[PDB]
Structure formats: structure tokens, C-alpha cells
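Counting starts at 1 for both ligands and their atoms, following the listed order. Just so you know, these numbers use all the heavy atoms, side chains as well, and skip hydrogens, waters and symmetry mates. So you know, we letter chains A, B, ... as the sequences are listed, proteins then strands, and number each from 1.
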2 protein chains.
Amino acid sequence: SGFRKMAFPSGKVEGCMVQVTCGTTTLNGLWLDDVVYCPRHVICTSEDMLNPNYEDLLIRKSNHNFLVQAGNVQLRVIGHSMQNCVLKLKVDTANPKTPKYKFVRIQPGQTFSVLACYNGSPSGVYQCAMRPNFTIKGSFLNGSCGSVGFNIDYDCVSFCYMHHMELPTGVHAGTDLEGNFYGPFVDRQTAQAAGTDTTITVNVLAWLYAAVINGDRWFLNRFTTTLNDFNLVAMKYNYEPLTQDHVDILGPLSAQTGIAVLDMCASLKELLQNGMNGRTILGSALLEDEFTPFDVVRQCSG
Amino acid sequence: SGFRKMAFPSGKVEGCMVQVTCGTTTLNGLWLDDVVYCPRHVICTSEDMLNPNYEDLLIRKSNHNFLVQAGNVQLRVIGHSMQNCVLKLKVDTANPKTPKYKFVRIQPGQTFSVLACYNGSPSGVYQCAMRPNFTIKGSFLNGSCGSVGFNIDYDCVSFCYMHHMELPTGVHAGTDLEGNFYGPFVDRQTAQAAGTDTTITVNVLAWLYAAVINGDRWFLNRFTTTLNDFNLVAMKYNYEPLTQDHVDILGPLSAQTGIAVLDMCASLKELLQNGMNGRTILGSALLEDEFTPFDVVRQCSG
Ligand SMILES: CNC(=O)[C@H]1C[C@H](n2c(-c3cncc4ccccc34)nc3cccc(C(=O)N[C@@H](C)c4ccc5ccccc5c4)c32)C1
Ligand SMILES: CNC(=O)[C@H]1C[C@H](n2c(-c3cncc4ccccc34)nc3cccc(C(=O)N[C@@H](C)c4ccc5ccccc5c4)c32)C1
């Protein structure tokens, strides 16, 4: 029993992290086969970021302008290209530790593990969620650019995030592994800011199911709500609308606990309208929204 | 910026996890050099656990009674011995992925990363703390016995915990890697239970320093307290006594933020006496006590 913020084992990703140096700036890169992936703003000076034309800036660079270091051995760059906002450095050596992997662009509300890295060396691992406003509330300092987020399914590492920048509110913005930013953010020094955020409703419900699985029932009630009447309350408390697909996704958890999905919704409605009254759920005094239904199944069932 | 429950990268430990099978029971083992470490109750039937004499039970076993499987390859047991409550199976092959490692017995209040494992395959990683009552609030299901806890310093893996059992309250008890249980617990089916627990005061203070480092100051005040007057309040709220050594340990964090340790104590005193009044600290509505001063330095400074 028990319930924790569980990250995936990071070993398969640790063997892929390298250090990329262009000029006076150094960040992290992802080494898969004979290609190293890193944010394209590694080629930019501080003055370049005011209004960068990356096509113009990259054509002035050559292969020897990039130093790739994997642990102790230096990797030679034999080719470079630009795909959206990620730079791809072809190297003469294929990574022998390359795992089975995919590149996946995730939806808001989905979770992933983050391997925080500095100078190509892994520093720590933690679980994150893609917020509805397409930021992540990570833990990143200077030099963490190029750290990646990922999920693991059986044997395959699904990379879904690469860290690019920190917004003024202290939250973080990045791209998928093919260089497309999540949200409206761009790799340029401008006045962009994180938009208003909402609570991931389907995740709160899954986490309430996790509490029931672990033997906590104090928040349940005898009531049921309609999907429409629940979403009227969700809108009032800045919660994401609950769809029929979300209800269908919560099916297995509802079947294991014997609590209908719309019954759990009436419980969440009561929790939003009255608060938690000094009690806690799974050790938290707040409704937690960074566990997907799949996260709960993975941990409460192994 | 940001602050998360950060576990250590688990790659060095993943390469050491194996599966140990004795009879009809299977659990996890730790493979370092030519020795596999696992809980000694792997040799026990359910009826053996009522009043086991492990010396008597192990002398009836032979090397071929143990099946050790590292991924796909089966490892041959060439010797077995018992050290306190851990069984040591000598194998004919030394683990090529053996990292630099120590065995360390930690103090209550210290934190470590847990690599939850099932059938020798890593399932997830999360951060834990040794509670003052010598239990851990982990996330473990059936088959997780043999999973280990660890810290990493530079290149060395300091193993400090091996999972043995789950107590009736759903918390977990285990040993160091030399077989000595934390707390008064024993590997026998008896009516043992977790004792009353307390809050790790020095950790709450470090976590308040982390909040200041990340730009939050709403809980600070102009007041100071004496160490004796603070401990009078700590005792009232089931907090661990704060020692001069704890004050000295919080030195670097106090120097970086410019907030004296006893000044932070007056802030914590006010927080305990009035609550948090609907506000949050680092995204939590409760005072968090599973970050050591070293944990905060590691994450807020990289
Ligand atoms: C809005 N700025 C940004 O978030 C900048 C500062 C960021 N940084 C980080 C970094 C990553 N997580 C969190 C951070 C917190 C504090 C300081 C730095 C970081 N680790 C880095 C490693 C190497 C270089 C940079 C850097 O500074 N690069 C320069 C060329 C730069 C300048 C302005 C930029 C504006 C927008 C996007 C990218 C921009 C990029 C790095 C990119
Ligand atoms: C108080 N019981 C226990 O916590 C028992 C049940 C535990 N278990 C776990 C396990 C580990 N985390 C959490 C669990 C939650 C639910 C069920 C099992 C676990 N994964 C296991 C993998 C293999 C075997 C066992 C097991 O069941 N072994 C048998 C011989 C046993 C029986 C009674 C015991 C009493 C005390 C100590 C050890 C005892 C051990 C395993 C050891």
C-alpha cells in the first residue's frame, strides 16, 4: 500500500545525456544513435535572442563550432540541421546505450518523468504534468536546458519534452523532441507569459480513486450528479470540463473500487463546495491533479 | 526555479536488481560483485513465520534451492550465508554493472530514493524519509520485498534500506544492507505496530528556507525565539526537538537567505500556532518534513 509521486526509472535516459557547447554557452543534449538533439538557441548570443533569425544564424556556423562531450570522450560533429526549435548534430559514433525509443507529443493533463541534467550529468528525477496552459511546474536552474521528459512503456522510452526556458512566474516551457513548443511560446526574448491555468479534473478523480484503493473513504457520499451539473460546478472552481472520454478512461478504476464515475464526481463536487475541513487525502491537504488514471493503475497495481 | 520531490537517478541501481526465487516465493535481490543480497525471510513458508528459527531453517537449505535470475540469464548460486536479517547468495559471476558503492545505516530524519521493483524489474523511483518511529511511508505492493533505498554522492551509491514488510497501518519497515532492522521490528509474524510518530523539525525549517530561496516570504516575521522557547512549542505540536547541531546544519541555508535560524524558528512557531490561513508554501497546504537541509542545497543550487 501507499501512494507516492512515482517517476520512471531513469537509467535508459541517463545513458543518452551529453554536453553540448557552442561558444561561451553550454547545455545538455540527447544522444540517440548517431544524432544529438538539443535546443537550437544554443547557437545564440544574449543579443541574438532579441529577434533571432535562426536560419540566418545557423548558416554562419560550421560543424567544428559544436563540441559534444559524452562523459569523458569527445564526440565529433559530422553534420548539423535544424528541425523547428531543436538542433540535430550528427556525430561519427552511434550511442551504444541507445534504448528502444519513440518521440511523442503529449496532450495537456498528461504526466511524464523529468531527468534534470547539468553539463551532461544527471542530477535528479521527478514527476511532472503538462499543465492546461502548456507550461510545466518543474525544478530547473541555469544550465538545465536540454533536459528531457519521458515516459516508459514496457521497454520503450517515449520522449515527450525538452527543456528550453523559464517563464517569469518560475514555470517552464519547452518543446517535443521534434522541436515544436508546447503552447504559444517561442525561443526569443519577448514579453511572453504563462496564461491562466486550470485544474486537471480527470486527474483529481483518478487520485480520489487511488485514495479509495488505499483504504480512504471519508470524502465519499451517497449522491450522484449528472455530467452537465458537475461541469457547472467545475467551471465555477476553475476546473477543466469533464468529457465522456474522461468518464470512459476512468472506467477500470471505477470497476475496481465499485464507485461509479459520476458518483465520484458528486464527491468531488462536495469537496469543492465545502473544502476538506482540516482532513487530508493521501497525505495532502489539497486536491492533487498530477496523477493520470494510468499513473494510478501503474502504482496501485504494480 | 521551482521545488520538487527529487529522487536520485536510478540507473546505477537498476543494473544491480535481480530476482531471487526460493520454493514458491519470489522477491528482489541486490547484485553487487559476486554477491546477491535479499531478505532472509525468502526461505520461509507462511507457517514458518509464526516463530522462525532462521539458523535452523537455513541449515536445511542448499545452494540449488535458490534461483537467481538477472534479466534473461540465470545465475548459479555457489554459496550462501546469513548476516542478521539479510541472506547473502554468492554467485559464480560478478556483476559487470557494479557501481562504486557503500553500505550505510542512516539516522531518522534522513531521506533516500527508493527503486520499487517487482520480479527483478524496476517499476518506479520516489523519495522517502526515515520517520522518527523508524518506518517509511513508501509505496509497495506484493512482490516488492528486496527493493532498496539509496543515496548518491558524486559517483558512489550509498545503499541504506532494503524492504522487508508492511505494517498494519500501511507503512513499511526494513533493514540496512547488513541486515539490521530500523526500529524494533523483526521478520516474524507478530503483533508489532508502528509507534507514535513526530515531525522532523530540522527538515521543516530547511523546506521553509527553500521557499524563501524560491521567492516566497509571506510566512516570515520580525520576531526571534530562543532555542528553549521554540522547543516548548515544538513539543506541544508533536515536533522533534531542535538541537544545536540542527541549528549548525542549517547554517549555510541561513547564510544564503540572510535569515537567522532562530528567526526561521519564530516563523515556524507562528505557523504552528495560527496555521497557514488558506495559503500555501511551495504548492503545499501542509508543513513538509521530507526535505533535509542537504536536499534543499542539492536542488536549489544544482
Ligand atoms: C527566458 N529566458 C530563459 O529561460 C533563458 C535562461 C535559460 N537557460 C537555462 C535555464 C533553464 N531553466 C531554468 C533557468 C533558470 C534561471 C536561469 C537559467 C535557466 N539554462 C541554460 C543553459 C544555457 C543557456 C541558457 C541561456 O540563457 N540561453 C540564452 C541564449 C537565452 C537567452 C534568452 C532566452 C529567451 C527565451 C528563450 C530562450 C533564451 C535563451 C540557459 C534560457
Ligand atoms: C507483515 N507481513 C508482510 O509484510 C509480508 C507480506 C510481504 N511481502 C511483500 C510485500 C511488500 N511490501 C508491501 C506488501 C503489501 C501487501 C502484500 C505484500 C507486500 N512482497 C513479498 C514478496 C515475497 C514474499 C512476501 C511474503 O509474504 N513473505 C512471507 C514469507 C512473510 C510472511 C509473514 C511475514 C511477517 C513479517 C515479516 C515478513 C513476513 C513475510 C512478500 C512480507
Side-chain angles (χ1 to χ4, degrees), chain A residues 1-2 19-28 38-46 48-52 57 85 114 116-119 136 138-147 163-175 181 185-193 214 302, chain B residues 1-2 19-28 38-46 48-52 57 85 114 116-119 136 138-147 163-175 181 185-193 214 302:
Chain A
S1 93
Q19 176 183 281
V20 178
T21 297
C22 191
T24 56
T25 68
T26 279
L27 43 70
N28 304 283
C38 76
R40 69 172 178 176
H41 67 63
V42 69
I43 74 179
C44 292
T45 63
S46 211
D48 276 339
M49 291 310 283
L50 274 49
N51 197 199
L57 289 166
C85 301
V114 167
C117 289
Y118 299 92
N119 304 105
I136 77 175
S139 177
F140 290 119
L141 313 171
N142 193 24
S144 66
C145 280
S147 304
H163 183 47
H164 281 247
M165 45 180 301
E166 177 172 299
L167 291 162
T169 44
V171 295
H172 304 104
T175 70
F181 263 99
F185 308 111
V186 290
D187 49 358
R188 143 178 200 221
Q189 181 66 89
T190 196
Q192 41 190 348
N214 286 258
Chain B
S1 93
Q19 176 183 281
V20 178
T21 297
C22 191
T24 56
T25 68
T26 279
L27 43 70
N28 304 283
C38 76
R40 69 172 178 176
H41 67 63
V42 69
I43 74 179
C44 292
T45 63
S46 211
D48 276 339
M49 291 310 283
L50 274 49
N51 197 199
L57 289 166
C85 301
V114 167
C117 289
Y118 299 92
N119 304 105
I136 77 175
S139 177
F140 290 119
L141 313 171
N142 193 24
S144 66
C145 280
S147 304
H163 183 47
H164 281 247
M165 45 180 301
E166 177 172 299
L167 291 162
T169 44
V171 295
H172 304 104
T175 70
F181 263 99
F185 308 111
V186 290
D187 49 358
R188 143 178 200 221
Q189 181 66 89
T190 196
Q192 41 190 348
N214 286 258

Is there a donor-acceptor contact under 3.5 Å from the side chain of [X] to the main chain of [Y]?
{"X": "B:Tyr118", "Y": "B:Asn28", "result": "no"}
{"X": "A:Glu166", "Y": "B:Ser1", "result": "yes"}
{"X": "A:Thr25", "Y": "A:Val42", "result": "yes"}
{"X": "A:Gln19", "Y": "A:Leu27", "result": "no"}

| request: Test B:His172 against every option in B:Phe181, B:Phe185, B:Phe140 by the ring-ring contact (aromatic ring centres under 6.0 Å, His included) rule and name the one that passes. | output: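 Exactly one candidate clears the test, B:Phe140.
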
I'd like to check which ligand 2 atoms, numbered from 1 as shown, lie under 4.0 Å from a non-hydrogen atom of [X].
{"X": "B:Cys44", "answer": "30 (C)"}
{"X": "B:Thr26", "answer": "22 (C), 23 (C)"}
{"X": "B:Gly143", "answer": "9 (C), 20 (N), 21 (C), 22 (C)"}
{"X": "B:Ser144", "answer": "11 (C), 12 (N), 20 (N)"}
{"X": "B:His163", "answer": "11 (C), 12 (N), 13 (C)"}

Measure from atom 17 (C) of ligand 1 to every heavy atom in A:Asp48, A:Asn142, A:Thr21, A:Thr25 and give the option owning the shortest one.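 It is A:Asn142 that holds the nearest heavy atom.
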
At under 4.0 Å between heavy atoms, what of A:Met49 touches ligand 1? The answer is side chain

Legend entry - Qualifying residue, where the test is side-chain contact (heavy atoms from CB on, under 4.5 Å) with B:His164 and the options are B:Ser147, B:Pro39, B:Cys145: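 Answer after filtering B:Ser147, B:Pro39, B:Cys145: B:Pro39.
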
Heavy atoms of A:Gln192 and A:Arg188 approach each other most closely as NE2-O, 3.2 Å

inquiry  = Measuring from non-hydrogen atoms of B:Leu141 to any atom of ligand 2, is the shortest distance under 4.0 Å?
reply    = yes

Margin query: Taking distance alone, with N or O pairs closer than 3.5 Å, would you say A:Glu166 contacts ligand 1?
Written below: yes

For this session: Report yes if B:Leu27 has an N/O atom closer than 3.5 Å to an N/O atom of ligand 2; otherwise report no.
Result: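 Among all N and O atoms of B:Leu27, none is under 3.5 Å from an N or O of ligand 2.
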
